[PDB]
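A quick write-up on the structure given underneath.
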Amino acid sequence: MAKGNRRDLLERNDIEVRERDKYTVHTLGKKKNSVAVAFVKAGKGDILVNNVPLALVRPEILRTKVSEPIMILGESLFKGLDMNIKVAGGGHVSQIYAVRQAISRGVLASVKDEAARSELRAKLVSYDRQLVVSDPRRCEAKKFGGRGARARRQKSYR
Amino acid sequence: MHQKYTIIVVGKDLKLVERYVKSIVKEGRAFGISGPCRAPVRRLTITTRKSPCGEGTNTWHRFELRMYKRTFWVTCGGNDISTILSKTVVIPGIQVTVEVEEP
Amino acid sequence: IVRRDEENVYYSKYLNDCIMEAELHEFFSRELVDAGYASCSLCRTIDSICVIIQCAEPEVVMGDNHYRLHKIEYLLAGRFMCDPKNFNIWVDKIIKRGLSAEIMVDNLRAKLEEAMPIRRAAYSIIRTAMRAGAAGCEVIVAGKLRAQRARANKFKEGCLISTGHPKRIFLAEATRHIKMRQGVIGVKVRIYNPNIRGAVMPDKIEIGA
Amino acid sequence: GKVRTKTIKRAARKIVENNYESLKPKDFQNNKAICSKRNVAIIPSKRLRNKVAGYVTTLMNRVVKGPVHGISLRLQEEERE
RNA sequence: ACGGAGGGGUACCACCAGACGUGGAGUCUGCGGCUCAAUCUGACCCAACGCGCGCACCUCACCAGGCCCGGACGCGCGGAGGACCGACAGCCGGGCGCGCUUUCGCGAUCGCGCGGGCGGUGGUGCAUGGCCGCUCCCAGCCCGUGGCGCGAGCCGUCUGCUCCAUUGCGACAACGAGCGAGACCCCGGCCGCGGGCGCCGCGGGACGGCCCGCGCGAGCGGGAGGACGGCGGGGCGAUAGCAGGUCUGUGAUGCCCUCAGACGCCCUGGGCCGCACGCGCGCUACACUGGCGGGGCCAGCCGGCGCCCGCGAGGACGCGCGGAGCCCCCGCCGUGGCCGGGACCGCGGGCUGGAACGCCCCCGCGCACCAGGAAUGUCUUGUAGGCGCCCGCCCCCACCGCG
């Protein structure tokens with residue numbers, strides 16, 4: 001129901017304006033038709049998706065997939081700060097990966113010593129590269145020969 | 001005096017619609033008008049059989065018509081009934097670019 | 001946030017006038033052939049209608065005392081439910097007729113209906129085009145030229161491009177139908193001009209030393 | 001893409017011949033700027049400019065390493081003795 | 001041109017390695033045959049068979065029956081001492097002043113004969129234009145000067161190496177050009193500027209560029225950094241040609257035939273859907289990697305909602321406002337043609353429309369079907385497959401088609 005390009009999202013007009021000015025940082029993550037917007041600030045280690053804590057999310061199986069950056073990076077940093085992501089787009093898994101990408105970039109955007117940022121980038125990308133770089137491939141259109149992008153209507157020679 | 005006015009622009013080519021715009025906005029800097037709100041593109045689509053009859057492989061045409069829309073409504077109090085004509089004349093009238101006005 | 005049923009008014013109000021344009025084009029092409037009608041364009045004004053025609057020699061269609069043209073204006077008032085006197089028609093003239101296929105094809109049909117031979121007429125058209133400045137021109141004639149069996153022969157001179165997006169600008173094509181005794185004779189034309197409007201074809205490179 | 005139509009070759013040549021000193025063998029940005037420059041030539045497109053520049057680079061190093069056939073680099077000086 | 005001749009190349013409409021199927025059952029639909037008053041037709045290997053954009057009326061051509069001339073325009077004749085056209089009532093007729101028995105009305109808008117028109121989903125696509133398909137998911141085609149041959153013709157346009165590619169390097173009685181290919185246009189992915197009701201306008205960026213090997217070379221193999229690495233998906237599409245299809249798309253059309261008991265146009269019913277039979281594209285299933293009940297929850301092309309009745313389908317009012325299946329969680333069933341499967345059939349309640357033969361909902365009944373033989377089709381990344389959602393035609397109707 002939410003497109004991912006709406007002005008209300010990239011700005012997060014959901015939040016009340018007086019507090020809005022505290023969330024210095026902004027960030028983005030995506031996958032396929034799915035978008036993640038992280039407004040980040042100082043805190044004591046808290047996180048929220050669409051007004052939902054991180055543990056109580058629907059991928060009871062991929063909860064660790066979401067939490068990966070925390071464990072690979074350590075805990076003191078994330079304990080340092082706080083978030084409130086919002087996501088909108090196709091599917092559940094797409095949203096999961098968008099979220100984890102957004103978290104990684106946002107936490108990695110917080111440091112101020114670019115040497116530390118480089119060291120962390122190297123540590124992280126080694127585990128996986130798609131936590132930092134968006135996935136390019138996207139749905140391909142279909143043709144009138146048949147009912148699929150590459151498959152064709154069955155041909156009878158007789 | 002003050003009326004809260006709106007300007008509509010419609011077109012099928014992107015060049016003139018992007019040329020009318022520059023002229024009008026350059027002309028209205030004084031009266032207080034401001035830039036446009038580029039609206040979602042309206043996509044007309046038609047798929048037709050490429051043949052006048054059913055024969056051979058089934059090949060399709062894919063025609064479409066794009067319509068572009070720019071809306072300046074930022075005249076309002078800055079422009080009175082008479083002064084609107086001042087802005088709709090100095091611009092370079094193009095043979096196809098209907099522009100409607102409504103408070 | 002907004003209602004899509006209102007802007008549909010404007011959109012449907014810009015589709016109607018496009019269809020209005022084409023009917024006029026057909027009517028002209030069927031009537032003003034003696035004036036060398038080329039095309040028509042329309043500036044829908046909120047006050048009236050202003051129509052800008054393209055004829056080789058407007059004075060003909062313009063008419064003594066502008067009588068014929070004024071007759072025409074009233075006529076189109078009836079069909080489009082527009083008040084007359086608000087349907088002003090402006091004529092414009094063309095200079096480089098050789099650059100336009102429509103005029104030449106009309107001339108060719110005129111010649112052919114006289115029983116003029118096809119070869120002489122086509123090559124006259126072609127040397128006309130190259131005199132006016134042209135990098136190519138191709139002509140065709142298909143039908144029952146001589147015998148019951150029908151075959152087509154084509155004439156030409158210089159290069160003509162028939163592929164890509166450039167074919168949508170530098171290449172102007174036109175066609176007609178001729179109703180003769182034996183049967184329909186079909187003729188078509190195309191002229192290639194790469195230097196129109198100072199537009200440069202791609203795959204073209206100039207170097208200075 | 002490994003397609004190199006004639007146009008690219010001939011144009012890259014005439015350009016290297018008519019303009020050497022302003023260039024380098026392995027660069028692609030300086031050569032791209034030289035091509036974009038107005039005095040040298042005119043390229044309606046961007047992809048064409050990139051391709052021509054790349055071929056210019058490869059010709060330039062193929063030359064600088066050793067003299068190349070078809071190139072009027074002005075090298076009689078060292079052999080006119 | 002061909003070769004069950006030789007030498008080089010190439011492609012999931014070729015194969016290897018594999019996957020998903022079809023052909024097996026029931027059903028939707030089209031196709032031949034059988035039937036009828038008619039079951040209107042076109043197309044038959046690839047290059048015909050959910051294709052000629054949804055048949056209750058129209059569409060509509062076919063079948064059984066009925067009104068009208070809407071016979072333009074010129075010559076002769078007649079005509080207001082009245083040319084032509086309508087109606088109350090009653091019968092016959094499905095019905096109509098269609099027709100029959102009287103008796104009133106209107107008035108030259110003409111009528112008769114001769115010439116001559118208009119119109120026709122009537123025929124010829126093997127008389128034609130135009131438009132498509134195929135040869136062709138190719139890479140080929142021609143010009144001026146010159147030279148070789150009496151000549152048809154040849155060289156140019158390659159018995160070498162590369163390229164997806166007559167794409168390029170290097171030679172040669174050839175030299176010099178052009179089309180086609182590429183270049184080009186639309187879409188998407190990353191970044192910048194501006195602007196902004198609604199994310200939409202202009203630009204940058206990637207080029208076989210860098211390193212290493214080889215190769216005179218063109219270019220091949222590997223490794224990097226980078227949003228993207230080597231033709232990412234579509235559009236356009238050369239010369240020449242087929243007796244390919246279309247006269248049933250048209251004020252596109254030549255020649256024939258229809259032309260006042262009409263193949264003209266309009267109305268009432270019926271048919272195009274009829275069924276012992278052969279097959280083409282699809283849909284649903286054969287179950288535990290499952291069915292049922294409750295709950296939670298996210299798309300995009302794009303997009304309209306509240307209250308009250310009714311189990312539901314739907315309905316009465318009144319305003320401008322808005323997104324699903326798979327999937328996940330908790331439970332029941334527990335290998336039984338069983339709660340798998342829902343064809344067929346019997347009451348009933350509603351919608352559309354002038355009119356159900358059409359379409360929805362409820363209860364009940366509960367056909368085959370246990371992975372389908374000879375044969376055969378499609379396919380290399382957001383692909384196959386699975387799941388659902390919008391538009392086209394459309395008064396109602398999608399197992400169809402474009403997305």
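Note on naming: chains are A, B, ... as they come in the structure tokens, residues start from 1 per chain, ligands start from 1 in the order shown.
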
List the spatial neighbours of region 9-26 of chain B as an MDAnalysis selection string - criterion: any atom at most 12 Å away, only C-alpha atoms (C1' of nucleotides), same-chain residues fewer than 5 positions off excluded. (chainID B and resid 31:39 41:44 64:75 84:102) or (chainID C and resid 7:15 17:18) or (chainID E and resid 195 200:202)

Residues within 10 Å of region 170-176 of chain E, only C-alpha atoms (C1' of nucleotides), excluding chain neighbours under 6 positions, as a PyMOL selection string: chain E and resi 144-148+155-156+158+160-161+217-218

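Using only C-alpha atoms, the part of chain C that sits within 9 Å of chain B is made up of residues 10, 11, 14, 41, 42, 43, 44, 45, 46 and 52 of chain C.
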
Output C-alpha atoms of each residue in that selection to a file, as a compact mmCIF listing (two decimals), in the first residue's frame.
```txt
# COMPACT_ATOMS: atom_id res chain seq x y z
CA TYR C 10 -8.41 18.53 -18.58
CA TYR C 11 -6.96 15.34 -20.00
CA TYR C 14 -6.93 17.75 -24.67
CA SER C 41 -1.93 23.03 -37.11
CA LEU C 42 -4.27 24.45 -34.50
CA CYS C 43 -3.87 26.75 -31.48
CA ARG C 44 -6.96 26.24 -29.35
CA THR C 45 -7.56 29.60 -27.71
CA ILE C 46 -10.07 30.21 -24.95
CA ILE C 52 -2.47 27.87 -39.39
```

Using only C-alpha atoms, what does the table of chain A residues within 12 Å of chain B look like, with each row giving the shortest atom pair and its distance in Å to one decimal, sorted by chain and ascending number, as JSON lines?
```
{"residue": "A:143", "atom": "CA", "partner": "B:60", "partner_atom": "CA", "distance": 10.0}
{"residue": "A:144", "atom": "CA", "partner": "B:60", "partner_atom": "CA", "distance": 7.4}
{"residue": "A:145", "atom": "CA", "partner": "B:58", "partner_atom": "CA", "distance": 7.8}
{"residue": "A:146", "atom": "CA", "partner": "B:58", "partner_atom": "CA", "distance": 10.4}
{"residue": "A:153", "atom": "CA", "partner": "B:58", "partner_atom": "CA", "distance": 11.5}
{"residue": "A:155", "atom": "CA", "partner": "B:57", "partner_atom": "CA", "distance": 11.6}
```

Neighbour list for residue 55 (chain B) as a VMD selection string, cut-off 10 Å, only C-alpha atoms (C1' of nucleotides), skip fewer than 3 positions in-chain: (chain B and resid 51 to 52 58 to 59) or (chain E and resid 43 47 to 48 51 to 52 132 to 133 244 to 246)

Take the residues from that selection and write them out as a PDB file, in the first residue's frame, keeping N, CA and C atoms (P, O5', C5', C4', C3', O3' and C1' of nucleotides).
```pdb
ATOM      1  N   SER B  51      -1.834  -6.758 -37.694  1.00  0.00           N
ATOM      2  CA  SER B  51      -2.424  -7.147 -38.959  1.00  0.00           C
ATOM      3  C   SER B  51      -3.903  -6.784 -39.012  1.00  0.00           C
ATOM      4  N   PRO B  52      -4.432  -6.492 -40.203  1.00  0.00           N
ATOM      5  CA  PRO B  52      -5.883  -6.324 -40.340  1.00  0.00           C
ATOM      6  C   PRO B  52      -6.651  -7.625 -40.271  1.00  0.00           C
ATOM      7  N   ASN B  58       1.434 -14.046 -34.281  1.00  0.00           N
ATOM      8  CA  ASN B  58       0.595 -13.041 -33.640  1.00  0.00           C
ATOM      9  C   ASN B  58       1.498 -11.949 -33.086  1.00  0.00           C
ATOM     10  N   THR B  59       1.582 -10.838 -33.811  1.00  0.00           N
ATOM     11  CA  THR B  59       2.451  -9.725 -33.470  1.00  0.00           C
ATOM     12  C   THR B  59       1.606  -8.522 -33.083  1.00  0.00           C
TER      13      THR B  59
ATOM     14  P     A E  43     -10.009 -20.271 -47.325  1.00  0.00           P
ATOM     15  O5'   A E  43      -8.800 -20.509 -46.319  1.00  0.00           O
ATOM     16  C5'   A E  43      -7.610 -19.744 -46.428  1.00  0.00           C
ATOM     17  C4'   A E  43      -6.855 -19.702 -45.125  1.00  0.00           C
ATOM     18  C3'   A E  43      -6.290 -21.028 -44.641  1.00  0.00           C
ATOM     19  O3'   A E  43      -5.058 -21.365 -45.257  1.00  0.00           O
ATOM     20  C1'   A E  43      -7.440 -19.984 -42.872  1.00  0.00           C
ATOM     21  P     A E  47       5.681 -20.795 -37.304  1.00  0.00           P
ATOM     22  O5'   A E  47       4.570 -20.579 -38.424  1.00  0.00           O
ATOM     23  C5'   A E  47       3.909 -19.327 -38.560  1.00  0.00           C
ATOM     24  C4'   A E  47       3.409 -19.104 -39.964  1.00  0.00           C
ATOM     25  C3'   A E  47       2.544 -20.225 -40.528  1.00  0.00           C
ATOM     26  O3'   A E  47       1.553 -19.687 -41.400  1.00  0.00           O
ATOM     27  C1'   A E  47       4.473 -19.974 -41.864  1.00  0.00           C
ATOM     28  P     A E  48       0.053 -19.457 -40.874  1.00  0.00           P
ATOM     29  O5'   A E  48      -0.480 -20.926 -40.567  1.00  0.00           O
ATOM     30  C5'   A E  48      -1.088 -21.238 -39.323  1.00  0.00           C
ATOM     31  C4'   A E  48      -2.591 -21.219 -39.417  1.00  0.00           C
ATOM     32  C3'   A E  48      -3.344 -21.588 -38.150  1.00  0.00           C
ATOM     33  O3'   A E  48      -3.432 -20.529 -37.215  1.00  0.00           O
ATOM     34  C1'   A E  48      -4.271 -22.751 -39.976  1.00  0.00           C
ATOM     35  P     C E  51      -4.902 -17.053 -28.971  1.00  0.00           P
ATOM     36  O5'   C E  51      -5.178 -16.396 -30.394  1.00  0.00           O
ATOM     37  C5'   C E  51      -5.489 -17.199 -31.526  1.00  0.00           C
ATOM     38  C4'   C E  51      -5.618 -16.365 -32.775  1.00  0.00           C
ATOM     39  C3'   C E  51      -6.613 -15.213 -32.672  1.00  0.00           C
ATOM     40  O3'   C E  51      -6.116 -14.065 -33.353  1.00  0.00           O
ATOM     41  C1'   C E  51      -7.216 -16.627 -34.470  1.00  0.00           C
ATOM     42  P     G E  52      -6.833 -12.644 -33.140  1.00  0.00           P
ATOM     43  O5'   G E  52      -7.516 -12.353 -34.546  1.00  0.00           O
ATOM     44  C5'   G E  52      -8.843 -11.866 -34.610  1.00  0.00           C
ATOM     45  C4'   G E  52      -9.275 -11.610 -36.030  1.00  0.00           C
ATOM     46  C3'   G E  52     -10.707 -11.137 -36.208  1.00  0.00           C
ATOM     47  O3'   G E  52     -10.857  -9.748 -35.966  1.00  0.00           O
ATOM     48  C1'   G E  52     -10.226 -12.851 -37.774  1.00  0.00           C
ATOM     49  P     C E 132       2.188  -2.698 -41.505  1.00  0.00           P
ATOM     50  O5'   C E 132       1.570  -4.088 -41.046  1.00  0.00           O
ATOM     51  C5'   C E 132       2.413  -5.195 -40.779  1.00  0.00           C
ATOM     52  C4'   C E 132       1.646  -6.489 -40.756  1.00  0.00           C
ATOM     53  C3'   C E 132       2.491  -7.748 -40.776  1.00  0.00           C
ATOM     54  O3'   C E 132       2.985  -8.093 -39.496  1.00  0.00           O
ATOM     55  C1'   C E 132       0.733  -7.940 -42.350  1.00  0.00           C
ATOM     56  P     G E 133       4.501  -8.583 -39.318  1.00  0.00           P
ATOM     57  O5'   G E 133       4.476 -10.080 -39.849  1.00  0.00           O
ATOM     58  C5'   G E 133       3.633 -11.039 -39.234  1.00  0.00           C
ATOM     59  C4'   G E 133       3.559 -12.315 -40.033  1.00  0.00           C
ATOM     60  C3'   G E 133       4.889 -12.935 -40.426  1.00  0.00           C
ATOM     61  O3'   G E 133       5.454 -13.713 -39.386  1.00  0.00           O
ATOM     62  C1'   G E 133       3.427 -12.899 -42.295  1.00  0.00           C
ATOM     63  P     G E 244      -0.441 -15.972 -53.252  1.00  0.00           P
ATOM     64  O5'   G E 244       0.583 -16.675 -52.257  1.00  0.00           O
ATOM     65  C5'   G E 244       0.393 -18.014 -51.823  1.00  0.00           C
ATOM     66  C4'   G E 244       0.394 -18.106 -50.320  1.00  0.00           C
ATOM     67  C3'   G E 244      -0.764 -17.403 -49.622  1.00  0.00           C
ATOM     68  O3'   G E 244      -1.912 -18.227 -49.508  1.00  0.00           O
ATOM     69  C1'   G E 244       1.274 -16.695 -48.662  1.00  0.00           C
ATOM     70  P     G E 245      -3.351 -17.689 -49.975  1.00  0.00           P
ATOM     71  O5'   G E 245      -3.775 -16.683 -48.817  1.00  0.00           O
ATOM     72  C5'   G E 245      -4.005 -17.155 -47.499  1.00  0.00           C
ATOM     73  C4'   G E 245      -4.397 -16.038 -46.569  1.00  0.00           C
ATOM     74  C3'   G E 245      -5.403 -15.040 -47.111  1.00  0.00           C
ATOM     75  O3'   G E 245      -6.736 -15.510 -47.028  1.00  0.00           O
ATOM     76  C1'   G E 245      -3.629 -13.896 -46.029  1.00  0.00           C
ATOM     77  P     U E 246      -7.820 -15.066 -48.123  1.00  0.00           P
ATOM     78  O5'   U E 246      -8.197 -13.578 -47.700  1.00  0.00           O
ATOM     79  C5'   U E 246      -8.657 -13.299 -46.388  1.00  0.00           C
ATOM     80  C4'   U E 246      -8.531 -11.836 -46.049  1.00  0.00           C
ATOM     81  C3'   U E 246      -9.232 -10.869 -46.986  1.00  0.00           C
ATOM     82  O3'   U E 246     -10.617 -10.756 -46.708  1.00  0.00           O
ATOM     83  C1'   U E 246      -7.049 -10.081 -46.481  1.00  0.00           C
TER      84        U E 246
END
```

Could you pull out all residues of chain C with a DSSP call of alpha helix (DSSP H) and give them as a PyMOL selection string? chain C and resi 4-31+58-62+67-79+101-113+118-132

Go ahead and write the residues just picked, C-alpha atoms, as a PDB file, in the first residue's frame.
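Below you can see part.pdb, which holds the result:
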```pdb
ATOM      1  CA  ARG C   4      -8.130  11.901  -9.948  1.00  0.00           C
ATOM      2  CA  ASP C   5     -11.594  12.553 -11.397  1.00  0.00           C
ATOM      3  CA  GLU C   6     -11.002  16.295 -11.903  1.00  0.00           C
ATOM      4  CA  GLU C   7      -7.731  16.371 -13.839  1.00  0.00           C
ATOM      5  CA  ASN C   8      -9.382  13.791 -16.081  1.00  0.00           C
ATOM      6  CA  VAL C   9     -11.475  16.739 -17.254  1.00  0.00           C
ATOM      7  CA  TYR C  10      -8.413  18.535 -18.578  1.00  0.00           C
ATOM      8  CA  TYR C  11      -6.961  15.340 -20.001  1.00  0.00           C
ATOM      9  CA  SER C  12     -10.176  14.470 -21.836  1.00  0.00           C
ATOM     10  CA  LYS C  13     -10.315  18.100 -22.963  1.00  0.00           C
ATOM     11  CA  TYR C  14      -6.925  17.754 -24.667  1.00  0.00           C
ATOM     12  CA  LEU C  15      -7.780  14.461 -26.333  1.00  0.00           C
ATOM     13  CA  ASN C  16     -10.906  15.854 -27.993  1.00  0.00           C
ATOM     14  CA  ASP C  17      -9.071  18.600 -29.852  1.00  0.00           C
ATOM     15  CA  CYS C  18      -6.422  16.223 -31.183  1.00  0.00           C
ATOM     16  CA  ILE C  19      -9.165  14.213 -32.879  1.00  0.00           C
ATOM     17  CA  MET C  20     -10.647  17.482 -34.104  1.00  0.00           C
ATOM     18  CA  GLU C  21      -7.304  18.226 -35.748  1.00  0.00           C
ATOM     19  CA  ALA C  22      -7.097  15.026 -37.781  1.00  0.00           C
ATOM     20  CA  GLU C  23     -10.581  15.183 -39.290  1.00  0.00           C
ATOM     21  CA  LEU C  24      -9.683  18.626 -40.582  1.00  0.00           C
ATOM     22  CA  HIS C  25      -6.483  17.238 -42.060  1.00  0.00           C
ATOM     23  CA  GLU C  26      -8.400  14.612 -44.001  1.00  0.00           C
ATOM     24  CA  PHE C  27     -10.959  17.165 -45.160  1.00  0.00           C
ATOM     25  CA  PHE C  28      -8.258  19.514 -46.412  1.00  0.00           C
ATOM     26  CA  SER C  29      -6.298  16.755 -48.114  1.00  0.00           C
ATOM     27  CA  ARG C  30      -9.510  15.845 -49.918  1.00  0.00           C
ATOM     28  CA  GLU C  31     -10.422  19.423 -50.854  1.00  0.00           C
ATOM     29  CA  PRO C  58      -2.272  30.344 -50.395  1.00  0.00           C
ATOM     30  CA  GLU C  59      -3.507  33.002 -52.820  1.00  0.00           C
ATOM     31  CA  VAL C  60      -5.507  30.299 -54.618  1.00  0.00           C
ATOM     32  CA  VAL C  61      -7.305  28.984 -51.552  1.00  0.00           C
ATOM     33  CA  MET C  62      -7.233  32.516 -50.160  1.00  0.00           C
ATOM     34  CA  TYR C  67     -14.641  34.724 -50.304  1.00  0.00           C
ATOM     35  CA  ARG C  68     -13.778  31.030 -50.499  1.00  0.00           C
ATOM     36  CA  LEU C  69     -11.881  31.045 -47.219  1.00  0.00           C
ATOM     37  CA  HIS C  70     -14.679  32.891 -45.435  1.00  0.00           C
ATOM     38  CA  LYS C  71     -17.152  30.370 -46.810  1.00  0.00           C
ATOM     39  CA  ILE C  72     -14.948  27.670 -45.328  1.00  0.00           C
ATOM     40  CA  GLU C  73     -14.854  29.276 -41.884  1.00  0.00           C
ATOM     41  CA  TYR C  74     -18.636  29.321 -41.544  1.00  0.00           C
ATOM     42  CA  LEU C  75     -18.837  25.693 -42.629  1.00  0.00           C
ATOM     43  CA  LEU C  76     -16.600  24.411 -39.835  1.00  0.00           C
ATOM     44  CA  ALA C  77     -18.685  26.403 -37.362  1.00  0.00           C
ATOM     45  CA  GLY C  78     -21.658  24.142 -38.029  1.00  0.00           C
ATOM     46  CA  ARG C  79     -19.825  20.868 -37.501  1.00  0.00           C
ATOM     47  CA  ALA C 101       7.209  14.891 -50.145  1.00  0.00           C
ATOM     48  CA  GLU C 102       3.497  15.689 -50.061  1.00  0.00           C
ATOM     49  CA  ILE C 103       3.631  18.451 -52.667  1.00  0.00           C
ATOM     50  CA  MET C 104       5.749  16.375 -55.024  1.00  0.00           C
ATOM     51  CA  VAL C 105       3.488  13.333 -54.751  1.00  0.00           C
ATOM     52  CA  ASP C 106       0.443  15.485 -55.463  1.00  0.00           C
ATOM     53  CA  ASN C 107       2.246  16.819 -58.532  1.00  0.00           C
ATOM     54  CA  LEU C 108       3.090  13.267 -59.573  1.00  0.00           C
ATOM     55  CA  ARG C 109      -0.525  12.146 -59.330  1.00  0.00           C
ATOM     56  CA  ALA C 110      -1.583  15.187 -61.329  1.00  0.00           C
ATOM     57  CA  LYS C 111       0.906  14.300 -64.056  1.00  0.00           C
ATOM     58  CA  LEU C 112      -0.042  10.628 -64.084  1.00  0.00           C
ATOM     59  CA  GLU C 113      -3.764  11.260 -64.451  1.00  0.00           C
ATOM     60  CA  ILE C 118       5.650   7.215 -65.338  1.00  0.00           C
ATOM     61  CA  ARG C 119       9.413   7.309 -65.901  1.00  0.00           C
ATOM     62  CA  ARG C 120       9.547  10.892 -67.153  1.00  0.00           C
ATOM     63  CA  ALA C 121       7.320  12.170 -64.359  1.00  0.00           C
ATOM     64  CA  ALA C 122       9.210  10.380 -61.601  1.00  0.00           C
ATOM     65  CA  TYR C 123      12.601  11.557 -62.809  1.00  0.00           C
ATOM     66  CA  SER C 124      11.274  15.107 -63.136  1.00  0.00           C
ATOM     67  CA  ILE C 125      10.187  14.933 -59.507  1.00  0.00           C
ATOM     68  CA  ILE C 126      13.589  13.591 -58.546  1.00  0.00           C
ATOM     69  CA  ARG C 127      15.655  16.230 -60.322  1.00  0.00           C
ATOM     70  CA  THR C 128      13.332  18.781 -58.762  1.00  0.00           C
ATOM     71  CA  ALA C 129      14.186  17.461 -55.312  1.00  0.00           C
ATOM     72  CA  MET C 130      17.927  17.375 -55.942  1.00  0.00           C
ATOM     73  CA  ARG C 131      17.770  20.901 -57.345  1.00  0.00           C
ATOM     74  CA  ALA C 132      16.089  22.138 -54.165  1.00  0.00           C
TER      75      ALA C 132
END
```
